[PDB]
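Below is one structure, written out as structure tokens, with a few remarks after it.
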Amino acid sequence: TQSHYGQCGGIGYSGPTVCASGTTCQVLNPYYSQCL
């Protein structure tokens, strides 16, 4: 799982995309998605 302000997605990312409870995944740009 990811933590708050954690990268859940974004090109080049090869990690889990599930944000910690209480948060959600938010695409920042086509190369980064933060969890807020």
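In chain A, numbers come from Swiss-Prot; the residues present are 478-513, in order.
How was it done? The header gives solution NMR.
Cβ from N, Cα, C; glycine included.
Features as listed in Swiss-Prot:
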type	residues	note
DISULFID	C485-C502	disulfide bond
DISULFID	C496-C512	disulfide bond
CARBOHYD	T478	O-linked glycosylation site
CARBOHYD	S480	O-linked glycosylation site
CARBOHYD	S491	O-linked glycosylation site
Using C512 (disulfide bond) as the reference point, find which of the recorded positions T478, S480, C502 has the shortest Cα-to-Cα distance to it.
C502
C-alpha of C485 (disulfide bond) to C-alpha of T478 (O-linked glycosylation site): distance in Å?
9
For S480 (O-linked glycosylation site), the number of other Cβ atoms found within 10 Å of its own Cβ:
11
Based on DSSP, name the secondary structure state of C485 (disulfide bond): helix, strand or coil.
strand
Within 10 Å of the Cβ of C502 (disulfide bond), how many other Cβ atoms can you find? Include all protein chains, please.
17
